Structures are given as C-alpha cells and as structure tokens.
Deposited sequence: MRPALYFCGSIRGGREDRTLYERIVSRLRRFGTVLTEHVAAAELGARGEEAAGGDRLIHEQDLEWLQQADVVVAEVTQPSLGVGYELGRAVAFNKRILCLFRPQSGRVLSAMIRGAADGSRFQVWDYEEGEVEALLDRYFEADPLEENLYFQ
C-alpha cells in the first residue's frame, strides 16, 4: 500500500522531498480549515515539525489523534526550546511518536521510520 502523507509546520523542503519517496504529499479562513480537514482525513500518516510553537499545527495533531491516524512529530532540541508537555505526553511509542532530531539526520530518520 502506498500511504497518503500529510505534512505540517528550506528545512521543510528537505522533509517533504524525502516524504515524496514514500507516498503522495497532500499539503476565506473557513475555506482553508475545510480544505485542511479534508486532507487530514485522507492521510495515512501525519508528519508534523513541532519545533516552533503553533496553534495550527497543534490543532491539526489533535484532530488527527481523534481520527486515529499514525503520527510522527519531529522536534529539534538544539533550537533551545522545551517541547510542550501535551505533545511530548501524547506519544505512545507506536501510533503517535515524538522523535528528537538534529538538522543533518532528517533523511536518515525519515528513511528509518518508513
């Protein structure tokens, strides 16, 4: 099966270029929300870069958990930030995973996950 992939967040372009080798990458304010929710529902795996705080990214992860999607969150500790306890605490190590990473290992990590 070729998974439908959803990505949210030049580092993003490196991530999406690697994601493209495993499946199709799907990615008025009300129109944006409705289009976003249609893609989230079609996706087989939801990939989120969670290093920068975002209400949009968090909202997408919450809607994705309720649809029981496979989720992968990517966080850079070298950013100097401490990841939200709600994102870090949502991980179960299987369907919802939170991976700490360094800029240079983007491609090897995505290869290892898929």
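K.L.:
Deposited sequence versus model: which ranges have no CA atoms?
P.N.:
Going by the record, the segments left unmodelled (no C-alpha atoms) fall at 10 to 18, 37 to 53, 141 to 152.
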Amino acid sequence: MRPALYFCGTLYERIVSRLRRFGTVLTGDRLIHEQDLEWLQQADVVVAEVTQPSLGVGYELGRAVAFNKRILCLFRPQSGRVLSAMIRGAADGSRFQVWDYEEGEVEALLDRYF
From here on, numbers count along this sequence of modelled residues.
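K.L.:
With respect to C-alpha B-factor, does residue 81 fall in the lowest, middle or highest third of the chain as deposited?
P.N.:
Its C-alpha B-factor, which the entry lists for residue 81, ranks in the highest third among residues of this chain.
K.L.:
Pull the Cα B-factor of residue 19 out of the PDB entry and bin it into the chain's lowest, middle or highest third.
P.N.:
Within its chain, residue 19 is a middle-third residue by C-alpha B-factor, going by the deposited values.
K.L.:
Using the B-factor values recorded in the entry, state whether the Cα atom of residue 51 falls in the lowest, middle or highest third among the modelled residues of its chain.
P.N.:
Bottom third by C-alpha B-factor.
K.L.:
If you rank the chain by CA B-factor, which third does residue 60 end up in: lowest, middle or highest?
P.N.:
For residue 60, the deposited C-alpha B-factor lands in the lowest third.
K.L.:
Using only modelled residues of the chain, where does the Cα B factor of residue 45 rank: lowest third, middle third or highest third?
P.N.:
Tercile = middle for this residue's CA B-factor.
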